[PDB]
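Enquirer: Have a look at this one.
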2 protein chains.
Amino acid sequence: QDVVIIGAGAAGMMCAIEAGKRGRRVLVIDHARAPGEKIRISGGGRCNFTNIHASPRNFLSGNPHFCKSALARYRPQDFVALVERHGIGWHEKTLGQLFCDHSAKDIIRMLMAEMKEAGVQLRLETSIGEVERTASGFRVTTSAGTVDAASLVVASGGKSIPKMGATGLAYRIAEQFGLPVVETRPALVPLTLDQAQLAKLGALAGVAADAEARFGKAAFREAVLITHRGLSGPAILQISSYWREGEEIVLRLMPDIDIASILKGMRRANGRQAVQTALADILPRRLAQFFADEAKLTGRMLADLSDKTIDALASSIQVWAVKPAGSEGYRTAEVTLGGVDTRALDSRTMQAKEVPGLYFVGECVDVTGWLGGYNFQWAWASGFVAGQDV
Amino acid sequence: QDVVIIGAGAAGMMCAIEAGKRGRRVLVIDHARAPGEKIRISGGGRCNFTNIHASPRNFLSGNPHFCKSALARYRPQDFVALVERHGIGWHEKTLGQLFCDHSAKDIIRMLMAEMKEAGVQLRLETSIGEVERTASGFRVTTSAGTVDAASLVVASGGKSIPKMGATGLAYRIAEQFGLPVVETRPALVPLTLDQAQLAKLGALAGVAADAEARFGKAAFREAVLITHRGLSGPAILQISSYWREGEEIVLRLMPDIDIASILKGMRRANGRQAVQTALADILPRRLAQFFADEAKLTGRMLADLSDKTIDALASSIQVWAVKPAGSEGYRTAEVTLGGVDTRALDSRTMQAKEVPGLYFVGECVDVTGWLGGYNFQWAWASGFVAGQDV
Ligand SMILES: Cc1cc2c(cc1C)N(C[C@H](O)[C@H](O)[C@H](O)COP(=O)(O)OP(=O)(O)OC[C@H]1O[C@@H](n3cnc4c(N)ncnc43)[C@H](O)[C@@H]1O)c1[nH]c(=O)[nH]c(=O)c1N2
Ligand SMILES: Cc1cc2c(cc1C)N(C[C@H](O)[C@H](O)[C@H](O)COP(=O)(O)OP(=O)(O)OC[C@H]1O[C@@H](n3cnc4c(N)ncnc43)[C@H](O)[C@@H]1O)c1[nH]c(=O)[nH]c(=O)c1N2
């Protein structure tokens, strides 16, 4: 072939299309029974396929400017234009998040059809054994035979959800060719609480609060879910990429309001209501009960509360420090932080600086998006950028 | 005198200080028994004395660029520097809002002391009868006698809270000298609901929700209060300056979350809970009961709810259109929108373009700040700018 791509996911199929459209004869190999398994299950089966605000600040990397070039060369609109062209209903939800109306599968079907038109060859349920450099490019050995190619594209994703065929193949190939690998971790993952915290929040399983999840300078406002394993909801998932074991996150419940103010207002205006009943006018019932207990104010009358006491109560709700036991790991993470070091890669090409004809695209790379369509957009953009050069 | 100022409020005393410090002999006249009565009662008696983000976008005007010059010449830091210099404890709350730690009166005492040092003369409980142009400047007639001055500064505020000595004096003087007056209205004011709306929200008096209050392109996220008169809380107050009679505002309750998502999640995860009980895991109890009733789902089991039904329920909570009966008017507004037309005023001076030696500062002018310290900062800046020229 002129081009062999490992992994028929978001980045791989995009690259395929662009290289097939250039008349380049391309072959895509994947160990799965079906292409784009993550696409398929993503955005709750709807696929949050991009985000209108996609830009360098929405990604974590060791070199923050690395993604600048690809992102500008392939924008959310460009992908939207592609979807509309295939009659795929889409809409925005919150925070710039674009979803399909019908199902993630429309997108798979689409990429598929685009590949068929571009002349690319797809081989599924095919495992990779080795890759060797050759005087002429590369040879890859597979459970189905061997292929030679001038260009080889590593588009095999990251470590999240092993059950779906996630592997670290990309990292093994990077190291094999001497490319550094930025240390990887489960990201956009729920966070665990220890048996004691879980006992204390015993009765709050199922509550869902509007909240800021803060770690130092990073803050996200979205739902926080309390479960029997601990903390999830989009705000946890976001901050989970910034947090590290041993550390505290700070939760601001009902972040747009000032609870101390409210409570003093209710104090004059009514006065003779129980504390937990005043809180229940502000928070879901179970949370109200919880915060009134912890503070030892249950059944106490709102008018008997000093200012100092109210401030402390508010503070317990709006500056709530939690120290997570850990993360739930790769069986539950949406994304892998870290990956093939960017410094070793051509920003406008995706090609290994040290190894002509070798390319790394998509999530396997040390560019990691916030939750909200940013990861798919990076997959798109970098697949596209490689597809122009490959 | 060299300079007579009408109104010993925020803008007037600031101007006084700056003109007194220049050796200009100044006199401040006020019909009140005490200076800075609004300062005194402002920020809940604490005084929200500025906002660190103060800038042109935080103000409504007929000429949006008018305030640019003054704001840059006198910044929140400049005022902070002044407070610290007088040993006045201050802190930030939310949204850039600076407050005193002790009381608004510290600030009054301070401005006072600064005036005494600057040599300015203060006359209180003194009413204004007329102002005439003179070959030499101005003559003002007062319940205490007459004064002549080369410069006359109108710093008499707006129409809000008549009980505290608010009057439209500024507007009467503008018109008398042919300066146009941008149409005035109660702003940062609660909004009223009609008897029918008030009956429907009968049982929600006292609830306080995190919410977005939206009118077209304007949106503010803060607390929304439901009372027996209707709607208040900072988010109402903010949007009230943008809204107009006959129109709708849209309320997004729990704006950082997607309730449709949450509810579908709770549907799989639990399933056999009553709708209103699922909502109570998200909203204060009374709101949960309200939204479940309106939608006619009370006691219904969360797993018997179609997607379409959930979407509609969510939408009722997060795209909630309300048509207000009116505003509560000037007895309750924090600020007056509109005022002396800016186009008629020197942006870098506050002087009437058509009338040498006549100046208009502070709230009487057609520059109106969002809630959060922006109005005091405009008072400061414009008082200061005038005080340099006067
Ligand atoms: C549940 C869930 C939900 C979402 C998301 C993830 C998850 C887990 N994501 C993240 C998103 O799925 C992710 O960023 C992309 O799929 C990455 O694109 P890639 O092409 O790089 O890898 P990708 O996952 O797409 O594909 C990698 C491919 O290589 C194959 N492969 C792996 N190892 C192999 C091997 N050893 N040999 C051969 N082939 C191998 C795989 O089977 C697979 O098809 C997301 N992102 C987003 O922007 N919006 C969203 O809504 C979501 N939602
Ligand atoms: C309850 C409340 C709370 C707040 C606020 C307002 C209110 C009502 N504000 C708004 C703020 O008070 C306002 O913007 C300023 O006081 C305006 O500054 P001025 O100097 O222009 O008028 P200002 O109100 O200060 O003073 C005008 C003066 O002229 C005098 N006067 C009026 N008519 C007269 C007449 N006919 N003859 C002689 N004298 C007359 C008055 O007695 C008064 O002292 C606020 N803003 C903010 O930035 N942060 C905040 O926290 C608050 N909080």
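Convention: chains lettered A, B, ... in structure tokens order; per-chain residue numbering from 1; ligands numbered from 1 as shown.
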Compute the chain A side of the contact with chain B at 6 Å, counting only C-alpha atoms, and hand it back as an MDAnalysis selection string.
Expert: chainID A and resid 207:208 221:223 256:257 280:284
Enquirer: Selection from above, C-alpha atoms, as a tab-separated table (two decimals), in the first residue's frame, can you write it?
Expert:
chain	number	residue	atom	x	y	z
A	207	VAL	CA	-28.66	13.48	44.53
A	208	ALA	CA	-27.50	15.67	41.64
A	221	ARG	CA	-19.58	24.26	36.60
A	222	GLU	CA	-21.90	21.40	35.95
A	223	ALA	CA	-23.78	18.57	37.69
A	256	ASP	CA	-24.25	31.33	41.04
A	257	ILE	CA	-25.74	32.22	44.42
A	280	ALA	CA	-34.61	22.89	51.62
A	281	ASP	CA	-35.77	26.10	49.95
A	282	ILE	CA	-32.35	26.26	48.29
A	283	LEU	CA	-30.97	22.70	47.87
A	284	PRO	CA	-32.46	19.26	47.15
Enquirer: What's around residue 356 in chain B at 9 Å? Count only C-alpha atoms, leave out sequence neighbours fewer than 5 positions away in its own chain, and write the answer as a list in words.
Expert: residues 137, 151 and 351 of chain B
Enquirer: Could you list, as a PDB file with N, CA, C and O atoms, in the first residue's frame, all the residues within 6 Å of ligand 1, counting only C-alpha atoms and all ligand atoms?
Expert:
ATOM      1  N   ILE A   6      -3.356   2.099  11.398  1.00  0.00           N
ATOM      2  CA  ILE A   6      -3.765   1.224  12.471  1.00  0.00           C
ATOM      3  C   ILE A   6      -4.808   1.869  13.354  1.00  0.00           C
ATOM      4  O   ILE A   6      -4.497   2.776  14.122  1.00  0.00           O
ATOM      5  N   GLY A   7      -6.028   1.343  13.266  1.00  0.00           N
ATOM      6  CA  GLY A   7      -7.144   1.811  14.049  1.00  0.00           C
ATOM      7  C   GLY A   7      -8.167   2.504  13.157  1.00  0.00           C
ATOM      8  O   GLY A   7      -7.877   3.559  12.589  1.00  0.00           O
ATOM      9  N   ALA A   8      -9.348   1.902  13.016  1.00  0.00           N
ATOM     10  CA  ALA A   8     -10.463   2.523  12.318  1.00  0.00           C
ATOM     11  C   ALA A   8     -11.377   3.210  13.342  1.00  0.00           C
ATOM     12  O   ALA A   8     -12.512   2.794  13.551  1.00  0.00           O
ATOM     13  N   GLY A   9     -10.849   4.205  14.039  1.00  0.00           N
ATOM     14  CA  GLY A   9     -11.669   5.031  14.900  1.00  0.00           C
ATOM     15  C   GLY A   9     -11.934   6.395  14.252  1.00  0.00           C
ATOM     16  O   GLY A   9     -11.881   6.553  13.028  1.00  0.00           O
ATOM     17  N   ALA A  10     -12.216   7.388  15.082  1.00  0.00           N
ATOM     18  CA  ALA A  10     -12.449   8.737  14.578  1.00  0.00           C
ATOM     19  C   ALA A  10     -11.253   9.221  13.763  1.00  0.00           C
ATOM     20  O   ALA A  10     -11.410   9.520  12.572  1.00  0.00           O
ATOM     21  N   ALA A  11     -10.067   9.292  14.380  1.00  0.00           N
ATOM     22  CA  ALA A  11      -8.921   9.894  13.679  1.00  0.00           C
ATOM     23  C   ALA A  11      -8.463   9.091  12.458  1.00  0.00           C
ATOM     24  O   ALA A  11      -8.101   9.664  11.430  1.00  0.00           O
ATOM     25  N   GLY A  12      -8.537   7.767  12.569  1.00  0.00           N
ATOM     26  CA  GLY A  12      -8.096   6.862  11.532  1.00  0.00           C
ATOM     27  C   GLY A  12      -8.921   6.889  10.281  1.00  0.00           C
ATOM     28  O   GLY A  12      -8.413   6.764   9.169  1.00  0.00           O
ATOM     29  N   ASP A  30      -7.906  -3.068  11.782  1.00  0.00           N
ATOM     30  CA  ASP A  30      -8.475  -2.889  13.125  1.00  0.00           C
ATOM     31  C   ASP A  30      -8.778  -4.261  13.711  1.00  0.00           C
ATOM     32  O   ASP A  30      -9.229  -5.154  13.007  1.00  0.00           O
ATOM     33  N   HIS A  31      -8.511  -4.438  14.995  1.00  0.00           N
ATOM     34  CA  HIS A  31      -8.712  -5.750  15.587  1.00  0.00           C
ATOM     35  C   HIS A  31     -10.170  -5.973  15.978  1.00  0.00           C
ATOM     36  O   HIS A  31     -10.573  -7.081  16.301  1.00  0.00           O
ATOM     37  N   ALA A  32     -10.967  -4.919  15.925  1.00  0.00           N
ATOM     38  CA  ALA A  32     -12.406  -5.034  16.252  1.00  0.00           C
ATOM     39  C   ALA A  32     -13.264  -5.652  15.138  1.00  0.00           C
ATOM     40  O   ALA A  32     -12.878  -5.728  13.966  1.00  0.00           O
ATOM     41  N   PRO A  35     -15.928  -0.962  13.092  1.00  0.00           N
ATOM     42  CA  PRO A  35     -15.264   0.348  13.181  1.00  0.00           C
ATOM     43  C   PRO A  35     -15.984   1.263  14.139  1.00  0.00           C
ATOM     44  O   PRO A  35     -17.178   1.101  14.356  1.00  0.00           O
ATOM     45  N   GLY A  36     -15.238   2.202  14.699  1.00  0.00           N
ATOM     46  CA  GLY A  36     -15.769   3.257  15.531  1.00  0.00           C
ATOM     47  C   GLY A  36     -16.650   2.847  16.685  1.00  0.00           C
ATOM     48  O   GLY A  36     -17.726   3.432  16.870  1.00  0.00           O
ATOM     49  N   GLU A  37     -16.206   1.865  17.462  1.00  0.00           N
ATOM     50  CA  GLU A  37     -16.966   1.407  18.609  1.00  0.00           C
ATOM     51  C   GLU A  37     -17.127   2.484  19.689  1.00  0.00           C
ATOM     52  O   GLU A  37     -18.168   2.568  20.358  1.00  0.00           O
ATOM     53  N   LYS A  38     -16.121   3.332  19.849  1.00  0.00           N
ATOM     54  CA  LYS A  38     -16.272   4.442  20.763  1.00  0.00           C
ATOM     55  C   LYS A  38     -17.248   5.490  20.210  1.00  0.00           C
ATOM     56  O   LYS A  38     -18.131   5.968  20.919  1.00  0.00           O
ATOM     57  N   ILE A  39     -17.114   5.824  18.938  1.00  0.00           N
ATOM     58  CA  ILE A  39     -18.088   6.697  18.344  1.00  0.00           C
ATOM     59  C   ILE A  39     -19.493   6.193  18.649  1.00  0.00           C
ATOM     60  O   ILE A  39     -20.365   6.959  19.095  1.00  0.00           O
ATOM     61  N   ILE A  41     -20.840   4.384  20.974  1.00  0.00           N
ATOM     62  CA  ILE A  41     -21.389   4.430  22.318  1.00  0.00           C
ATOM     63  C   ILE A  41     -21.280   5.810  22.911  1.00  0.00           C
ATOM     64  O   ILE A  41     -21.769   6.043  24.011  1.00  0.00           O
ATOM     65  N   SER A  42     -20.633   6.715  22.182  1.00  0.00           N
ATOM     66  CA  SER A  42     -20.324   8.051  22.687  1.00  0.00           C
ATOM     67  C   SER A  42     -21.562   8.989  22.738  1.00  0.00           C
ATOM     68  O   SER A  42     -22.603   8.709  22.126  1.00  0.00           O
ATOM     69  N   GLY A  43     -21.436  10.103  23.454  1.00  0.00           N
ATOM     70  CA  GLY A  43     -22.565  10.998  23.669  1.00  0.00           C
ATOM     71  C   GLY A  43     -23.871  10.255  23.921  1.00  0.00           C
ATOM     72  O   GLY A  43     -24.907  10.529  23.292  1.00  0.00           O
ATOM     73  N   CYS A  47     -23.659  10.686  20.187  1.00  0.00           N
ATOM     74  CA  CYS A  47     -22.367  11.183  19.732  1.00  0.00           C
ATOM     75  C   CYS A  47     -22.240  12.683  19.834  1.00  0.00           C
ATOM     76  O   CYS A  47     -22.763  13.429  19.013  1.00  0.00           O
ATOM     77  N   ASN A  48     -21.531  13.132  20.850  1.00  0.00           N
ATOM     78  CA  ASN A  48     -21.233  14.539  20.982  1.00  0.00           C
ATOM     79  C   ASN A  48     -20.036  14.853  20.063  1.00  0.00           C
ATOM     80  O   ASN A  48     -18.912  14.922  20.511  1.00  0.00           O
ATOM     81  N   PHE A  49     -20.303  15.064  18.772  1.00  0.00           N
ATOM     82  CA  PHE A  49     -19.289  14.928  17.728  1.00  0.00           C
ATOM     83  C   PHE A  49     -18.329  16.100  17.547  1.00  0.00           C
ATOM     84  O   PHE A  49     -17.332  16.008  16.808  1.00  0.00           O
ATOM     85  N   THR A  50     -18.621  17.203  18.218  1.00  0.00           N
ATOM     86  CA  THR A  50     -17.677  18.306  18.238  1.00  0.00           C
ATOM     87  C   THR A  50     -18.180  19.355  19.184  1.00  0.00           C
ATOM     88  O   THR A  50     -19.218  19.184  19.813  1.00  0.00           O
ATOM     89  N   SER A 127      -5.467  -8.549  13.787  1.00  0.00           N
ATOM     90  CA  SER A 127      -4.520  -8.146  14.825  1.00  0.00           C
ATOM     91  C   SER A 127      -3.134  -7.814  14.287  1.00  0.00           C
ATOM     92  O   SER A 127      -2.693  -8.397  13.311  1.00  0.00           O
ATOM     93  N   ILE A 128      -2.467  -6.863  14.930  1.00  0.00           N
ATOM     94  CA  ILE A 128      -1.097  -6.479  14.585  1.00  0.00           C
ATOM     95  C   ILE A 128      -0.062  -7.244  15.421  1.00  0.00           C
ATOM     96  O   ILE A 128      -0.180  -7.314  16.645  1.00  0.00           O
ATOM     97  N   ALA A 155      -3.228   5.125  14.765  1.00  0.00           N
ATOM     98  CA  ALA A 155      -4.491   5.772  15.098  1.00  0.00           C
ATOM     99  C   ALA A 155      -5.297   4.833  16.004  1.00  0.00           C
ATOM    100  O   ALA A 155      -6.541   4.699  15.862  1.00  0.00           O
ATOM    101  N   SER A 156      -4.582   4.188  16.936  1.00  0.00           N
ATOM    102  CA  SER A 156      -5.148   3.123  17.763  1.00  0.00           C
ATOM    103  C   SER A 156      -5.729   3.558  19.110  1.00  0.00           C
ATOM    104  O   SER A 156      -6.084   2.703  19.919  1.00  0.00           O
ATOM    105  N   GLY A 157      -5.821   4.865  19.345  1.00  0.00           N
ATOM    106  CA  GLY A 157      -6.525   5.406  20.509  1.00  0.00           C
ATOM    107  C   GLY A 157      -5.749   5.298  21.827  1.00  0.00           C
ATOM    108  O   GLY A 157      -4.518   5.217  21.838  1.00  0.00           O
ATOM    109  N   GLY A 165     -11.998  -2.970  23.245  1.00  0.00           N
ATOM    110  CA  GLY A 165     -10.876  -3.078  22.344  1.00  0.00           C
ATOM    111  C   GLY A 165      -9.848  -1.965  22.453  1.00  0.00           C
ATOM    112  O   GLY A 165      -9.010  -1.823  21.554  1.00  0.00           O
ATOM    113  N   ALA A 166      -9.876  -1.186  23.538  1.00  0.00           N
ATOM    114  CA  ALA A 166      -8.802  -0.218  23.778  1.00  0.00           C
ATOM    115  C   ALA A 166      -7.491  -0.933  24.100  1.00  0.00           C
ATOM    116  O   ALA A 166      -7.473  -1.860  24.922  1.00  0.00           O
ATOM    117  N   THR A 167      -6.396  -0.504  23.470  1.00  0.00           N
ATOM    118  CA  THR A 167      -5.054  -0.958  23.876  1.00  0.00           C
ATOM    119  C   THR A 167      -4.024   0.180  23.843  1.00  0.00           C
ATOM    120  O   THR A 167      -4.274   1.233  23.263  1.00  0.00           O
ATOM    121  N   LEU A 169      -1.268   0.013  22.154  1.00  0.00           N
ATOM    122  CA  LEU A 169      -0.424  -0.224  20.994  1.00  0.00           C
ATOM    123  C   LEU A 169       0.413   0.983  20.557  1.00  0.00           C
ATOM    124  O   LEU A 169       1.604   0.847  20.264  1.00  0.00           O
ATOM    125  N   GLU A 334     -13.348   8.335  30.160  1.00  0.00           N
ATOM    126  CA  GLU A 334     -13.723   8.650  28.792  1.00  0.00           C
ATOM    127  C   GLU A 334     -12.455   8.809  27.945  1.00  0.00           C
ATOM    128  O   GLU A 334     -12.466   8.566  26.735  1.00  0.00           O
ATOM    129  N   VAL A 335     -11.349   9.200  28.573  1.00  0.00           N
ATOM    130  CA  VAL A 335     -10.172   9.589  27.806  1.00  0.00           C
ATOM    131  C   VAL A 335      -8.849   9.263  28.522  1.00  0.00           C
ATOM    132  O   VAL A 335      -8.803   9.084  29.757  1.00  0.00           O
ATOM    133  N   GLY A 362      -4.795  11.464  16.777  1.00  0.00           N
ATOM    134  CA  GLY A 362      -5.944  11.221  17.638  1.00  0.00           C
ATOM    135  C   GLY A 362      -5.598  11.147  19.116  1.00  0.00           C
ATOM    136  O   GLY A 362      -4.731  11.877  19.592  1.00  0.00           O
ATOM    137  N   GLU A 363      -6.281  10.282  19.849  1.00  0.00           N
ATOM    138  CA  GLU A 363      -6.161  10.290  21.289  1.00  0.00           C
ATOM    139  C   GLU A 363      -4.800   9.698  21.785  1.00  0.00           C
ATOM    140  O   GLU A 363      -4.315  10.030  22.887  1.00  0.00           O
ATOM    141  N   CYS A 364      -4.192   8.841  20.966  1.00  0.00           N
ATOM    142  CA  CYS A 364      -2.896   8.253  21.321  1.00  0.00           C
ATOM    143  C   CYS A 364      -1.838   9.340  21.559  1.00  0.00           C
ATOM    144  O   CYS A 364      -0.822   9.087  22.187  1.00  0.00           O
ATOM    145  N   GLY A 372     -17.042  17.353  26.190  1.00  0.00           N
ATOM    146  CA  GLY A 372     -17.908  18.214  25.402  1.00  0.00           C
ATOM    147  C   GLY A 372     -17.745  18.214  23.880  1.00  0.00           C
ATOM    148  O   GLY A 372     -18.238  19.130  23.205  1.00  0.00           O
ATOM    149  N   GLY A 373     -17.088  17.198  23.319  1.00  0.00           N
ATOM    150  CA  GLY A 373     -16.899  17.159  21.881  1.00  0.00           C
ATOM    151  C   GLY A 373     -15.483  17.552  21.451  1.00  0.00           C
ATOM    152  O   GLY A 373     -15.082  17.329  20.304  1.00  0.00           O
ATOM    153  N   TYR A 374     -14.703  18.109  22.375  1.00  0.00           N
ATOM    154  CA  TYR A 374     -13.328  18.522  22.077  1.00  0.00           C
ATOM    155  C   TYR A 374     -12.410  17.369  21.649  1.00  0.00           C
ATOM    156  O   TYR A 374     -11.539  17.551  20.792  1.00  0.00           O
ATOM    157  N   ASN A 375     -12.596  16.187  22.227  1.00  0.00           N
ATOM    158  CA  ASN A 375     -11.732  15.048  21.842  1.00  0.00           C
ATOM    159  C   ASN A 375     -12.010  14.562  20.413  1.00  0.00           C
ATOM    160  O   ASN A 375     -11.087  14.290  19.648  1.00  0.00           O
ATOM    161  N   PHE A 376     -13.288  14.530  20.028  1.00  0.00           N
ATOM    162  CA  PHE A 376     -13.633  14.117  18.678  1.00  0.00           C
ATOM    163  C   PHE A 376     -13.119  15.135  17.675  1.00  0.00           C
ATOM    164  O   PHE A 376     -12.638  14.778  16.596  1.00  0.00           O
ATOM    165  N   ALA A 379      -9.588  14.481  17.249  1.00  0.00           N
ATOM    166  CA  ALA A 379      -9.455  13.335  16.376  1.00  0.00           C
ATOM    167  C   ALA A 379      -9.650  13.780  14.930  1.00  0.00           C
ATOM    168  O   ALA A 379      -8.791  13.547  14.088  1.00  0.00           O
TER     169      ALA A 379
END
Enquirer: Considering only C-alpha atoms, return as an MDAnalysis selection string whatever protein or nucleic-acid residues lie within 12 Å of residue 358 in chain B, sequence-local ones (same chain, fewer than 3 positions apart) excluded.
Expert: chainID B and resid 3:6 131:134 137:139 149:155 170 173:174 177 179 344:346 349:355 361 386 389:390
Enquirer: Would you please work out which residue, of B:59, B:290, B:243, B:320, is nearest to ligand 2 when using only C-alpha atoms and all ligand atoms?
Expert: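 Smallest distance to ligand 2 is found for B:59.
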Enquirer: DSSP says helix (DSSP H, G or I) for which residues of range 122-362 of chain B? Put them as a PyMOL selection string?
Expert: chain B and resi 162-164+169-176+195-200+202-204+234-239+259-269+275-279+285-294+302-304+307-318+342-344+362
Enquirer: So which residues touch residue 313 in chain A within 9 Å, counting only C-alpha atoms, skipping near sequence neighbours fewer than 6 positions away, as a short mmCIF file (atom, residue, chain, number, x, y, z; two decimals) with N, CA, C and O atoms, in the first residue's frame?
Expert:
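result-v2.cif, freshly written:
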data_model
loop_
_atom_site.label_atom_id
_atom_site.label_comp_id
_atom_site.auth_asym_id
_atom_site.auth_seq_id
_atom_site.Cartn_x
_atom_site.Cartn_y
_atom_site.Cartn_z
N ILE A 259 -25.20 31.82 49.40
CA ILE A 259 -26.09 31.19 50.38
C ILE A 259 -26.17 31.92 51.73
O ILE A 259 -27.26 32.04 52.31
N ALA A 260 -25.02 32.40 52.20
CA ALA A 260 -24.97 33.29 53.36
C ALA A 260 -25.95 34.46 53.24
O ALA A 260 -26.75 34.70 54.15
N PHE A 291 -26.56 18.90 55.38
CA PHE A 291 -25.76 20.03 55.83
C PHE A 291 -26.22 20.56 57.20
O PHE A 291 -25.42 21.05 58.00
N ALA A 292 -27.50 20.43 57.49
CA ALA A 292 -28.02 20.86 58.77
C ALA A 292 -27.55 19.96 59.91
O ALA A 292 -27.33 20.45 61.03
N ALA A 295 -23.63 20.25 60.72
CA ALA A 295 -23.40 21.51 61.42
C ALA A 295 -24.08 21.50 62.78
O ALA A 295 -23.87 22.41 63.59
#
Enquirer: Compile the contact shell of residue 201 in chain B as a count of residues only: residues with an atom at most 9 Å away, counting only C-alpha atoms, same-chain residues fewer than 4 positions apart removed.
Expert: 8
